[PDB]
Structures are given as C-alpha cells and as structure tokens.
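Here's the structure, in structure tokens; my notes come after.
Residue numbering begins at 1 within each chain, and the chains themselves are lettered A, B, C, D, E, F, G and H in the order written.
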Amino acid sequence: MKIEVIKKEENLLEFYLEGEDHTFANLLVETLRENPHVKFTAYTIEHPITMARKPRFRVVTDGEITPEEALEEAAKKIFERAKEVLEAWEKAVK
Amino acid sequence: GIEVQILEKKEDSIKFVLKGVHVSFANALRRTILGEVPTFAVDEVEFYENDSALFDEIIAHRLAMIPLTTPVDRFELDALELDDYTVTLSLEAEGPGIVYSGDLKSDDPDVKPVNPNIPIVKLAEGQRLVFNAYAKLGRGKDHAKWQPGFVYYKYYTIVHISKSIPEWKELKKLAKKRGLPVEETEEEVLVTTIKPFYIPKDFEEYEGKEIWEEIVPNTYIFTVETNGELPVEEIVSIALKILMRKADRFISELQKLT
Amino acid sequence: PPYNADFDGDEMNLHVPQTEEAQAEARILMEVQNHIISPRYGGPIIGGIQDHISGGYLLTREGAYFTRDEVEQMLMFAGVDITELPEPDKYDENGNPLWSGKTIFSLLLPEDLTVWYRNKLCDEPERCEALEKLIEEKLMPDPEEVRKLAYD
Amino acid sequence: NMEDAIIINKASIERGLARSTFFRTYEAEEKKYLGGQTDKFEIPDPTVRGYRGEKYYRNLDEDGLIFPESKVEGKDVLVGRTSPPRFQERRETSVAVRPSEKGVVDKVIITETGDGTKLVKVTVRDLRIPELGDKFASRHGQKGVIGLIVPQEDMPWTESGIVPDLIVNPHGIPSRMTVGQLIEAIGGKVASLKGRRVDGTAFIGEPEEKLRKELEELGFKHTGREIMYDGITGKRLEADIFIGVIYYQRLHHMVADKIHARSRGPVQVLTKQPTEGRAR
Amino acid sequence: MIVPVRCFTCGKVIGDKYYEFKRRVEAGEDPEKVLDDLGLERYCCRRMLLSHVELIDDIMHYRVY
Amino acid sequence: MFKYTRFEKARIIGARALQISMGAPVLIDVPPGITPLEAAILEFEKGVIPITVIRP
Amino acid sequence: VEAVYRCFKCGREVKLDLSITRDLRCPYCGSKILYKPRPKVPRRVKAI
Amino acid sequence: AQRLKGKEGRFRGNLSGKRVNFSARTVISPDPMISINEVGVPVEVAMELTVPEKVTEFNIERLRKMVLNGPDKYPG
C-alpha cells in the first residue's frame, strides 16, 4: 500500500492508494461517512483495466479536523470493529 | 453490540448469522474470504514423459485444479507478504487404467491432495506419464486456483403473511415444506427467510398489501463452504486478521505523511 | 453512430500520419469533438445511445430518490469536481437525507441555461398545456409553482 | 456490455470455460529438380545466401527437423532446407512459422511422397484462453465479442448463491425478437434442477407453461427472476433480475488471428506498393 | 474430453462424483435424488454433471508417439 | 487578424510546427517534453503568430 | 546422422539415416510413414 | 488495354487507392471510461507503429530517455 497525494489544500485532500481495490476502499469510505465533520467523501476506479489497483479518493472536512486525522479515526474504528467481530466469532465457534 | 449465532454446522460448511455490522463490513468480509485468504496450489509442471491423449497444458491445468491441504500453524497465512516455500509433487504412471489424485507423492506430509478419487487422465496400454509438480502459496485474487472455497450472504428478513388471505394454510404448508422456521401468531404468520422464499403465482396478487417483508437492520445470514484446504473457522479468522493487518498498515502509511 | 459500428465482430483501421503538417491537419480539422453536429441535417450525431437514454430516464423519473452514499459515489464516478453536497430535498424515515434525481442531473448543467419542450413520453396533453400557460404568462414563473405542476 | 457485447467472469475462465486449442500444419518437400540437383534437409551454415539469424535454427536436430514439444514464437525455422543455386552457393529455403503466430510443436511426420522424394509435415498447437475481442454466439443468433473480464468478487450473486458466468445486455432482446432464447434460459435451469434433459423439438417440444409450472414447483419464481446483490456496494439491487442457463458457442473468429500491423514491410515488384495479406 | 475437476461457476470439486452419479442413474434411481444425495445443491454444479459427455475413451485409440 | 477560417488556422499551425522541427527557435517559453506540434498550438493560442495569410 | 523414428502403424523403434537413405520403409510392416519421437529432456509448462 | 482498365486495372485501384504503410487493423471493443476523442490502442501496435520526431531543445530529455529504453520496453 502506498499513498500518492494528488492535491492537498485547505480542508481538501485527494490521493491515490496504490495496491488496493474496492475491498478496502469501500469499507474505508463507508466508515468515513459516519464522521459528522466530513462534508464530502468518495472513491472511484478510473479504469477497470489500467487502474484496477489504484483507487482514487477524495476527503473534504468542515475545518474542525484535518482530513488526515479523520482518516486515522476511520482506520482505528475499522481495526476495533474487526477485532470485536473476531473475538465474537472465536467465542461462538468453540 | 456485535454477536454471532450459528444456525447449522456441516462437515465442510457453516451457516451463521452476523449481527450488528454495516453492509460494507459484511461485503468486505466476503470479498476478503473470496480473494485474500491464501492456500497452496500447483504452479508449474516439469514433464519428462507424456504419452497420454491429453496435451501437457491440459494435464497441467487439471493438476492446478486439485485442492491441496494447507497447514495453519507452520505459516502465518494472515500476513500481507507470503512465503515462497515450495512443495514438490511427483508421479509415475504406466499401463491401462485411470490415474487418480491419490497417486501423487509429496515432499511435505502437511501438504497433499485432499480428495484421492479425482481422475486426472486415462492411460492406455503402453502410455507413460511422469512429471514433477510445484506448489506454492498464493492468493485467490491472482488466480482462481488459490480460492479457499465459496462464500455468500443475504439479508435477514421476516415475511409477514396476514391471515386475511383465504388460503394462508397453503402458504404455511409450503414454508414448512421448504424448511424455513415458522412462528404462528394471531392475524399474521411469521416466516424467517433462512433460505430464499419465493411466493407462488396464485398469491402473487397479495404481495405488498398483505404479504409484506421487513428487513431486520444490520443482520446477515452468511454461508461459508470449503473444499477441504482449510477449516471454515480458520478461514473466517484469517480473513478478519487480514482486515486488521490492512487497517494497521494503512495507519502506518498515513502517519508517514506527517 | 458516426462510424455505424457495433461490437459484434466489426474491425476498424488505424492510420498514423508521419509529417508535421499532416499531424496538424488531423489535429485541427478532424478532431472528434469538432464533428458533433452532422453536416447532413444540422443536428447532433455523436450522442447517447441505449443505456445512456434509459439510465437518464431512470435517474430523472418521478419518484426516484438517492441516498447520501449513492449521490457521492455517482458524482465522483462521473468526474464532477463537486466539494459539498446540496441541501437535502426530502427526509425519509429514520432521519436520513434523500436527494431527488433532478438535483443530481442539474449539477451537471451550465449555470445559465433555459429551455422547454415536449419529449416522446408525453401522454396527457392537458398537463403540458397548463405548464405552457404558466411559462408563457411570465417568462420566469416561480420555481415552486412549476414543481407543483411538474409532469414527465 | 453495450451494443451486443458480453461480460464474462474471470474465475470461470480460469477454471476451464471456453478454453480452446488451435492447430496448423506446415509442410515441406525435398523437391528433386531435373539434372540431379536436389534439395536436402540440414542445418544451414552461415555460408549460404539468405541465411537468417542463428537464433532461428536453435531447436532443430542434426537431421534438419524440429524437436517435438519445443517452443516456437514466430519466424522460427521448422524444417531446414537448402536449395540448389540454379535459379558455388546454396539458396536457403527453410520452412518457418508464420510471422505473427506462436505455439508448441505437436508432431513431426516423415513420409515418402508419390514421386519418391521426401515429405515432412509439422503441426504447431497454440493455447487460446478467452480474451477481449473473442467472438461468442448463441444458437438463437445473438452474437458478440467479450467486452470486459470481471473478477469474481465484483460479480453480483443471487440470493440462492449463484454467480453468473456471463452477462448480456437487456437491450439486445427487443428489436431482435428471440423469445426462444428466454424459453431456453428457463428450460436450462429447469433441466438442471430436475436432473433430466429437456426436449426442445421444433413443434412437439415441451410447452413453455409446463416449464414455468415446474420451475414454480422447485422453489423458484415462475417468472424466472431472482434477487441479487451488487458486487461492489454489497446491497441488493432494487429490481429482481432474470437469470438462467443458456447454451453458448465460441466462434473461430478470434482476435489473435485478426490483429495486423505494418510499419515499413516489403513491397511489390511492378507497383512497389506494400504487399497484400497478413502472412506477408 | 474428461470430467472437469471443479464446477466452472462456484468452484466446488465435483470431479470425483461423475462416475458414481452415472452408475446410480443408470441403475434406475431418480437422478434428482441422486444429485441431492451427492451434495450438489446449486444448479450450477448439477449442470456440469448432467451435461458432461465422456470423450476421452474414443479419442484414446489414435496415438501419436 | 480579422477572422481565421479552419483551413487557414490548420495551415498556419502546420507551417509553424514544421519550422520549429527543422530548427527555428520558439518565441514562447514552453514546458519540457512537449512535441513540436503542441508547441505550435501553444504559440497560436498565446497569439504570437509570425505567419500571415494572403487573400485574393 | 543416425536417429530414432517410431513407426506410424506398428509404433516400432526404427533407427536409420535419412540424408543417405533412398527408400524409406519400416523394416517390420513395410510402412512408408514414420514419426519423430519426443526427446527425453524435461520440458517445463506453466500450469496457468 | 486490359492492364489500364478495370477495378484492378491501373487507372483505378492502383493510383486512386493503394496499400499504405503505418496502419493497423483489429477488432473493436467498447470502453466508456475514456473521453469521446480518444481511442484505446493495444500496447503491441504502439511498439510497431512509429512517429518520427525531430530532436529539439524542449524535448531532448524525453527523447534521450526513450532511446535509452530501447525497442523492447514500451516507452522506447
């Protein structure tokens, strides 16, 4: 995974994420949308063949928090939820 | 909060109910199981003799399609970079008969064909077949030969069948024949859609007004089956650990920007 | 539509000009966007076909509404350089915002564009007559009245 | 998949769907010219005129014939043969693979022709996995080329656990008026569920209503539609979708045999214009 | 030519179940019950066993060395 | 000028591109890596044109 | 150049030169058609 | 007389039209993700067809790098 900043200014950050696809991109975006301070966020795959592993993101906040902090919060929430689901599954299966 | 309840556990499959997560998380889990969980599979074949009626590129594909058991403790299958450990499968056959997957010999006792009754090729009299297959770890997204099974889910829904319908007894009988749980109540019969429930043509008129279906939020019925490469619980745990590892790596790369 | 081609086995030829004058002529005279209007009847030729029209109808049909995630995803997919979503149109149950398809489509149009006509889907001429009367009375009727008398 | 194009699953292709092989037989003859001067099979030494690169004769045995199950990639010599200089030299007249083709040598046959001279035939087989541009067609006249290959996890899946092998465009059904395709789609899934094949004779075949009733009896909707979930978003589509089993055939108009490029090339004699044909 | 190892659509290993299915259906058993007993439930798998034709036996006679 | 028809603009751009390729200097600073033709289009868009057209 | 050539009909191990041979035949069944057998070297094919 | 006249004769089909260099032909597949004024070209065709470029001051670096790439890597 690599982060290539397309453009960064004010409360906007646009970047590629090399080495990823819909699997993690959609989860990250849907986790981000829960944050009340994120005005706009989305992702896209520019071309299904050439850019199959290079999703492009966009994050816009309201100035209360910087985008790279909202991304950290989203990733931390994803990690916590995955850990909780793993614990529940381990308890249930045995 | 998050909880997991298991409905049915067969030998090579498991069907459980996941509760308390968003649709995105369920789709991420499904795609991670389908594409990210690694297994062992044949990659290259070194033929010495092939007098069978099938070409080399067909026997190679048939060998690739065979599922091989994968150890869990020896390797760290949840890492983001996979080992290059290689296991060699050899074979020597001759004479009339059918060459089965059980005739393959492995260097490593932990990795060997799961099903010993898969036919590979029919050798006639005098035809010989000798080769040395090479197996290595790989992910399901690169090639379908590495897929550790098949996974799908569905919404957890309840179908309301009002008793004002003149023939709700037939609907209840059909539902019980299918096998879905049925919870009888006054004025409405409740059907839990463990498996899909398509109402017949005659009752299609009542759809919506009388027969209406509600969706229980954040609840999904998962179905995971494996071909024997890994136990199902190992598959699910490995997928979840892979998701955690990806989240941590993203955190690290994002922090690198500051 | 210009090439009159279908993806059922058709083959096409590609030519590469070699001299600078030939390249300049190809770049200035024969660019694709220069031939949007047909010289046979003075109308457009390079336009939407099949799924474009059908999806346009699905998007801007009456009763179509889209959630927050769908709106953001489709706007990013189209390529529009939007930065903040417009004000929600209708609030459904559970307090989730909803946006009508007309707003999403209007985000793609120029700022100063005014046109009215009858399309093929017209079946009740009375509604169109009433709308035409409203527009013709004063050339800028209040938007809320037009939304009241809307009709596909 | 617009304008009569189809979308094919990638995992299904990787499991052996529509995978084919292509054979082509090359032929060489040791002609016996009048006067005793005859051709011969050998490894052409660099002395001879027309001697191509050394790498071209790299897998020929000392008798001048290629080894079976060797890999050729285009312009590679299959049979080394030198002709008399008669129109102290020796013209090179080897038989080589077509410039744009590729494959593996399958069999080599050595025969004595009718005139008493030698005759050698070599066949080269090539694997042809489906790719963009390959043409598929159904028995009801619907034709198309593969428009995109989609990973399995991006394909939709029905609520009963079925992932489509191939996706066609709904706009191709009307204005083509091939209701037989839809009837066959219903019948294929009915046959597969019931475990017996379905009669589809011209005028005495199984009527459609019987197939729809049987499909209803097996736990599926009589209309043949099902509920699927979107591959990317992961939530069910608003409308239920039609899905079934249809018999498809892979045609021999494959893009590997139609692509052609020319940068400088040779020219004709009289007009000195570029030659005509992909082979030359 | 010969029975495929895995179902083209979902990937379930069905290579070993063809001969048993053929023998049971030839004996007189109802094919639907035989297919249900073998474990094949989704019709994508059942199609592969139902429509398969064994052609390895009649091309084995011509040998090429 | 007064008005440039499509053919005249194409002719002028082609002539300028050919001159630039053959060794003529560029009267406008240009980004690195550009082809001579696109340099000609940039020059025309800037408005500096050294070639005039003769009308009957 | 001595070389091995399997027979077309009986599949027998016929070994004979071809550059110098004037009449080509299988010395067992009289066939005029022979194969060139596959070599005994290891070939490597990708299992893709 | 017959050499000059006819569809395949000299006058038409030989000066009016002729085989040309720097051309290619292949099947067409849809792609809606590119602009309407763009064409997707196979990488194989690009390696064969060429465009002569004169080395000037503003493109010496790119041309030098692409010459360094050789005829087997793509941007060469």
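Keep this in mind: contacts are C-beta pairs under 8 Å (C-beta built on N, C-alpha and C of every residue); 3 or more make two chains touch, one makes a residue touch a chain.
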{"item": "Smallest number of contact steps required from subunit B to reach subunit F", "value": "3"}
{"item": "Winner on C-beta contact pairs when C-F is weighed against B-E", "value": "B-E"}
{"item": "Most centrally placed chain, judged by C-alpha centres", "value": "D"}
{"item": "Centre distance in Å when subunit A and subunit C are each reduced to the mean of their C-alpha atoms", "value": "31"}
{"item": "Gap in Å, rounded to a whole number, between the CA centres of subunit G and subunit E", "value": "38"}
{"item": "For subunit A paired with subunit E, centre-to-centre distance based on mean C-alpha positions, whole Å", "value": "45"}
{"item": "Computed distance of Cα centres, subunit H from subunit E, in Å", "value": "50"}
{"item": "Set of subunit C residues in contact with two or more other chains", "value": "7, 9, 11"}
{"item": "Where subunit B touches two or more other chains, by residue", "value": "23-24, 27, 31, 35, 56-57, 61, 65, 143-145, 147, 150"}
{"item": "Per-residue overlap in subunit A, given as positions that touch at least 2 other chains", "value": "22-23, 26, 30, 48"}
{"item": "Chain pairs in mutual contact under the definition given at the outset", "value": "A-B, A-C, A-D, A-H, B-D, B-E, B-G, C-D, C-F, C-H, D-E, D-G, D-H, E-G, F-H"}
{"item": "Touch list for subunit G against partner subunit E, complex", "value": "6, 11, 35, 37-38"}
{"item": "Contact footprint of subunit A on subunit B as seen in their complex", "value": "1-6, 16, 18, 21-25, 27-29, 31-32, 35-36, 233, 236-237, 240-241, 243-244, 246-251, 253-258"}
{"item": "Of subunit A, residues touching subunit B in the complex", "value": "1-3, 5, 22-24, 26-28, 30-31, 68, 71-72, 75-76, 78-79, 81-86, 88-94"}
{"item": "Touching residues (chain side subunit D, partner subunit B) in the complex", "value": "10-12, 14-16, 19, 21, 69, 125, 127, 151-153, 157, 159-161, 163, 216, 219-222, 226-227, 229, 232-236"}
{"item": "Subunit D contact footprint on subunit G (complex, rising order)", "value": "1, 3, 5, 8, 18-19, 23-25, 32-39, 43"}
